Amino acid sequence: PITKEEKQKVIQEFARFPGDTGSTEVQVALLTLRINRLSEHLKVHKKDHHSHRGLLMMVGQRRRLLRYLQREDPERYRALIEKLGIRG
Amino acid sequence: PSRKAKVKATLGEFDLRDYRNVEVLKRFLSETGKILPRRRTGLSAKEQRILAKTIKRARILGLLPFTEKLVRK
Amino acid sequence: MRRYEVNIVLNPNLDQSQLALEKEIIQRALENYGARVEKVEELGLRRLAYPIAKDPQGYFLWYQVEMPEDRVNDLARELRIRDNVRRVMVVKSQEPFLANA
Amino acid sequence: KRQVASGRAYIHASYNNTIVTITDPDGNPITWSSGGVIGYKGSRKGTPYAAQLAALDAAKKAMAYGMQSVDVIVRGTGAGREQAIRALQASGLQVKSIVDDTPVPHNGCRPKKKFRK
RNA sequence: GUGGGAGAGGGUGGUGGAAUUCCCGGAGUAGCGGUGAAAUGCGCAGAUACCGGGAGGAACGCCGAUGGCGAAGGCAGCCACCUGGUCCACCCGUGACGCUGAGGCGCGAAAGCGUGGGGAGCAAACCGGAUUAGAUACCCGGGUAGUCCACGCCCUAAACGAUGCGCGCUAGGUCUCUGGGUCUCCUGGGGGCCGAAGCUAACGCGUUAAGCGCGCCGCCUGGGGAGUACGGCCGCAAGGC
Ligand SMILES: NC[C@@H]1O[C@H](O[C@H]2[C@@H](O)[C@H](O[C@@H]3[C@@H](O)[C@H](N)C[C@H](N)[C@H]3O[C@H]3O[C@H](CO)[C@@H](O)[C@H](O)[C@H]3N)O[C@@H]2CO)[C@H](N)[C@@H](O)[C@@H]1O
Ligand SMILES: NC[C@@H]1O[C@H](O[C@H]2[C@@H](O)[C@H](O[C@@H]3[C@@H](O)[C@H](N)C[C@H](N)[C@H]3O[C@H]3O[C@H](CO)[C@@H](O)[C@H](O)[C@H]3N)O[C@@H]2CO)[C@H](N)[C@@H](O)[C@@H]1O
Ligand SMILES: [K+]
Ligand SMILES: [K+]
Ligand SMILES: [K+]
Ligand SMILES: [K+]
Ligand SMILES: [K+]
Ligand SMILES: [Mg+2]
Ligand SMILES: [Mg+2]
Ligand SMILES: [Mg+2]
Ligand SMILES: [Mg+2]
Ligand SMILES: [Mg+2]
Ligand SMILES: [Mg+2]
Ligand SMILES: [Mg+2]
Ligand SMILES: [Mg+2]
Ligand SMILES: [Mg+2]
Ligand SMILES: [Mg+2]
Ligand SMILES: [Mg+2]
Ligand SMILES: [Mg+2]
Ligand SMILES: [Mg+2]
Ligand SMILES: [Mg+2]
Ligand SMILES: [Mg+2]
Ligand SMILES: [Mg+2]
Ligand SMILES: [Mg+2]
Ligand SMILES: [Mg+2]
Ligand SMILES: [Mg+2]
Ligand SMILES: [Mg+2]
Ligand SMILES: [Mg+2]
Ligand SMILES: [Mg+2]
Ligand SMILES: [Mg+2]
Ligand SMILES: [Mg+2]
Ligand SMILES: [Mg+2]
Ligand SMILES: [Mg+2]
Ligand SMILES: [Mg+2]
Ligand SMILES: [Mg+2]
Ligand SMILES: [Mg+2]
Ligand SMILES: [Mg+2]
Ligand SMILES: [Mg+2]
Ligand SMILES: [Mg+2]
Ligand SMILES: [Mg+2]
Ligand SMILES: [Mg+2]
Ligand SMILES: [Mg+2]
Ligand SMILES: [Mg+2]
Ligand SMILES: [Mg+2]
Ligand SMILES: [Mg+2]
Ligand SMILES: [Mg+2]
Ligand SMILES: [Mg+2]
Ligand SMILES: [Mg+2]
Ligand SMILES: [Mg+2]
Ligand SMILES: [Mg+2]
Ligand SMILES: [Mg+2]
Ligand SMILES: [Mg+2]
Ligand SMILES: [Mg+2]
Ligand SMILES: [Mg+2]
Ligand SMILES: [Mg+2]
Ligand SMILES: [Mg+2]
Ligand SMILES: [Mg+2]
Ligand SMILES: [Mg+2]
Ligand SMILES: [Mg+2]
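Residues numbered from 1 in each chain as written, not as in the entry; some residues may be left out. Chains lettered and ligands numbered in written order. Part of a larger assembly, values for the part shown. Heavy atoms only, no water.

Per the deposited record, the coordinates in this entry were obtained by X-ray crystallography to a resolution of 3.4500 Å.

As for the interface of chain B and chain D
If you look at the interface, chain B gives five residues, while chain D gives six residues. Both sides of the chain B and chain D interface together cover about 620 Å² of buried area, and 53% of this is carbon and sulfur. Three residues, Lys69(B), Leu70(B) and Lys73(B), lead the burial of chain B against chain D; their summed loss comes to 74% of the area buried on that side. Summed over the shared surface of chain B and chain D, the result is one salt bridge. (Contact = heavy atoms within 4.5 Å. Buried area = accessible area lost by both parts, 1.4 Å probe. Salt bridge = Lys/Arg side-chain N within 4 Å of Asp/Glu carboxyl O.)

Topic: the environment of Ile26(C)
Structurally, the position occupied by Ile26(C) is in helix α1 (residues 16-32). In sequence terms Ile26(C) and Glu78(C) are 52 residues apart; their C-alpha atoms lie 9.6 Å from each other. (Helix = DSSP H or I, 4+ residues; strand = E, 2+ residues; numbered from the N terminus.)

Regarding the nonpolar core
Core analysis: the largest hydrophobic core is formed by 27 residues, its most contacted members being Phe28(B), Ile55(B) and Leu64(B). Going through the elements one at a time, α1 (22-25) and α3 (45-60) of chain B together with β2 (36-52), β3 (55-67) and β4 (85-92) of chain C are the ones with two or more residues in this core. Leave out the neighbours within four places in its chain, and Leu64(B) touches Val22(B), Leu25(B), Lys26(B), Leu29(B), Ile55(B), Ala58(B), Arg59(B), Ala49(C) and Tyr50(C). Listed in part, the 22 residues of the second largest apolar core include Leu14(C), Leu19(C), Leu30(C) and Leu61(C). (Core = buried A, V, L, I, M, F, W, Y, C linked by side-chain atoms within 4.5 Å. Buried < 20%, exposed > 50% of the residue type's maximum accessible area, 1.4 Å probe, protein only.)

What about the environment of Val7(B)?
All names here are of chain B. Within the secondary structure layout, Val7 lies in the segment before β1 (14-15). It is 14 Å that separates the C-alpha atoms of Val7 and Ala52, two residues lying 45 residues apart in sequence. Excluding anything up to four places from it in sequence, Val7 contacts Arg27, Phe28, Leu36, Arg40 and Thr41.

Points about the arrangement of the chains
Here the protein chains form three pairs of chains in contact, of which the pair with the most contacts is chains B and C. At the C-alpha level, the nearest point of chain A lies 25 Å from chain B, with no contact between them. In this view chain A stays clear of chain D, with the nearest C-alpha atoms of the two still 27 Å from each other.

Describing a positive patch on the surface
A contiguous patch of positive charge, built from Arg63(A), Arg64(A), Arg67(A) and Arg87(A), is present on the exposed surface. Here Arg63(A) lies in helix α3 (residues 49-72). (Patch = residues over 30% accessible without salt bridge, like charges linked within 9 Å, V, L, I, M, F, W, Y side chains within 5 Å. Areas by Shrake-Rupley, 256 points an atom, 1.4 Å probe, with all protein chains shown as cover. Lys, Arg positive; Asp, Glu negative; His and termini not counted. Charge placed at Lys NZ, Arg CZ, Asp CG, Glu CD.)

Some remarks on unusual backbone geometry
Phi at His45(A) takes a positive value of approximately 50 degrees, unusual for a residue other than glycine. As for its position among the elements, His45(A) is in the loop between α2 (24-43) and α3.

See the structure below:
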C-alpha cells in the first residue's frame, strides 16, 4: 500500500509552506505517487481492469490540476514537472 | 416465527470474531450442521455477517462440522 | 510488517520426541521467514468435528506473530510440507467484536 | 449363517422405486429387497405399498439370519419412504434409531434439464 | 489533509468440505433405471442399494435477504498479498482548479473463432427408444462441440429503470443497509413501499421525478420493403458498425 510516513514524506517535500496539505503541487504529487504505484501494480495483474479504471481517473485529475497551474503560474508548473519528471 | 428462544439473549458477553471458541459457536448451528438464520440467532445484519465468517473459519479447522445427519425422523 | 495468527493442526499420534521435533521445525521456519512471536497458545489434542486425515482428533497450536506481509503466503507454504502437519491457516489479527454487551 | 442379531437398515427411496438394504453394524450388507424383488415391474415399484412389501421381505430375509435390532437410515425423498419406515417399525425387528442421511451437494454438479431451475 | 467505517468491487497465489462420475477392495443377489404408461439402456464377465480406500473435473449448500458492491457487463466456500471506488466526522489546506462531451481510447453476459491444455456433471449436432395422423419436437436412454483453464480474437443482447450525465428547488409516513452525535432522538450516504404539490394520453411517476429549472451529449420524424442493397472501415471466420 502507501504508508502514512511515505505520505507525510511527499507532502512535506511539496508543501508550499509548513502545514500546506492542499496546494496544487501537493495534490499533483500525491496523485503521481498513487499513479506510479498503480502502474507498477498493472505490469503484474494486467487482467485487472477495474483498477485500471481508477488509473484513468487519476491521470485525468492530475492533467486537470497541471492544466490549471499551467494557466495560473507557469513557473511553478515547470518546477513541479522538473521535480516529478512527467510529460515524458 | 421462532418464538421459542433467540440465541443472542440466550448468551452473555462473547466475541463474534473468535473462530476458536467452539462451545459458543456450537450454540449458533442447527441440529444439522447448518448456520441458523436471524430468526433464531437474533443477530443483526453486521453481527450475523461476521459470525458467519468466523463459523466458516471454524469449519475449516475441524472444530465445527460442515453437515450432520438428522436424528429421530 | 503486520500482526497475524498462525493456526496449526498436526498429528495427534506423535510421542513427545516427534512432536518436539515438529515444534522445533515451527520455531525454525518462523526464524527463517521473520516471525517475531508475541504469544502462543498450545491447545494440544482435541476432538475434531469431522475426521481429518482419517483421524478423529487433532493437535492444535496458535501463534500471534508479527512478520513481513510480503512473505506470509511463502511461510504458510513451508509449514504445509511436513506430513505431520495436517492444517495450516494464517489469519490477520483483528480487534474482537463483541455481541450482547 | 452369520448370526448378526443387530445391524443397520438402509432405505433408498425415490420417485421411481424404494429399495431396502440390511447390513451388519460395520455396514456390509446381509440381504436386501425392493419393489422389483417382489413381482412389481413397471411404475408400481414407486408405491408406498411396493415399499411396504419390499421392507417386509427384507426384514423377513434378515430374520433368517436371526437379526433383532436395526438402526434405520433413510436416503432420498420419495413415496414409500415413511411406509417402509412403518413397515420395519413393526416388522418384528426393533428399530433403535431413524436417521435421514439424504445426500445434498453444496452446489456441486449441474442437474439434468429435468431438475434445473 | 487528518482520523474512522462498510462492501459477492478487481487480480494472483494457496486451500477446505458436500455431491456426481470413474478405479480398487469388502460384503451381497435379480434386478436397476426410467415414464402418463413404456421401451431403448444397464445387469450372471455379479449391476442397483451398502461399507472402506483412491483419482479427477467442475460448482460453492446453510449463512442469504424485500441485503451489499460496481460505470456498465457483472461479482458469493476460506486464507494471504497486490489494487480500484465510496461513506462519515473534523473545518485543516488549495482558491472556481467546474460541468458535459463529437472523434479518440479502454472496458464489455452468453454464444462463437485460433493455439494449447482439460474434460466430472450437463449438453447444440447426432444415434437410439417412445408419442403422434405425421413428430426432422415436447418425454426417456446415449453423445460430439461446448460448458472449465492460459493466451489471443469477436463487440452482440429484452447490454432493461425499455428512464444519458451534472447541479439547484419543491409536504410527509414507513421499512431497511451503513456511518456520526447531546444515542426517547438528532444528523449524513444507499436501497424499498405509500403518498403533498405538480406532471402524464392513460398506466403511472412523485426529494432515488417521469415535478419545477439551467448546462452539454446521444437520438426520433407513418407501416412494410429493411437492419436489407451498395460503398467504406473492422474481423481468422461467423459476422460487426
Ligand atoms: N478489498 C478487499 C476486501 O477488503 C476488506 O477490507 C477493506 C475495507 O474494509 C478497508 O477500508 C479501508 C480503510 O483504510 C478505511 N476504512 C478507509 C480506506 N479509504 C479504505 O481503503 C479504500 O481505499 C483505498 C484507496 O485509497 C483502496 O485501495 C482500498 O481497496 C479501499 N478499501 O480496506 C480494505 C481493502 O479494500 C476485507 N479484507 C475483505 O472484504 C476483502 O479482502
Ligand atoms: N485457485 C483459486 C483461484 O484460481 C483462479 O484461477 C485458477 C483456476 O482457474 C485454474 O485451474 C486450477 C488449476 O489448479 C488446475 N488447472 C486444475 C484445478 N482443478 C483448478 O483449480 C480449481 O478449478 C476450478 C475453477 O477453475 C474450481 O472450481 C475448483 O475448486 C479448483 N479445483 O488455475 C488457476 C490458478 O493456478 C484465480 N487465480 C483466482 O480466482 C483464485 O486464486
Ligand atoms: K457414464
Ligand atoms: K450458480
Ligand atoms: K437487489
Ligand atoms: K449509532
Ligand atoms: K406498478
Ligand atoms: Mg470526474
Ligand atoms: Mg502437509
Ligand atoms: Mg420405477
Ligand atoms: Mg470480492
Ligand atoms: Mg467392486
Ligand atoms: Mg442385456
Ligand atoms: Mg454364472
Ligand atoms: Mg454382455
Ligand atoms: Mg453407482
Ligand atoms: Mg468412497
Ligand atoms: Mg479422466
Ligand atoms: Mg437464497
Ligand atoms: Mg450505480
Ligand atoms: Mg445500483
Ligand atoms: Mg442484472
Ligand atoms: Mg477553511
Ligand atoms: Mg487564503
Ligand atoms: Mg465525465
Ligand atoms: Mg466517445
Ligand atoms: Mg463480449
Ligand atoms: Mg464465453
Ligand atoms: Mg476454444
Ligand atoms: Mg480445444
Ligand atoms: Mg482434447
Ligand atoms: Mg472425449
Ligand atoms: Mg447425460
Ligand atoms: Mg438428452
Ligand atoms: Mg429422435
Ligand atoms: Mg396430433
Ligand atoms: Mg473444435
Ligand atoms: Mg442486463
Ligand atoms: Mg430488466
Ligand atoms: Mg428505481
Ligand atoms: Mg438501478
Ligand atoms: Mg434520472
Ligand atoms: Mg443506460
Ligand atoms: Mg463526474
Ligand atoms: Mg434515502
Ligand atoms: Mg441495489
Ligand atoms: Mg407511488
Ligand atoms: Mg393530484
Ligand atoms: Mg392512480
Ligand atoms: Mg433531479
Ligand atoms: Mg440509431
Ligand atoms: Mg437505435
Ligand atoms: Mg416509407
Ligand atoms: Mg428496419
Ligand atoms: Mg443484425
Ligand atoms: Mg459491404
Ligand atoms: Mg479480411
Ligand atoms: Mg447464420
Ligand atoms: Mg463478409
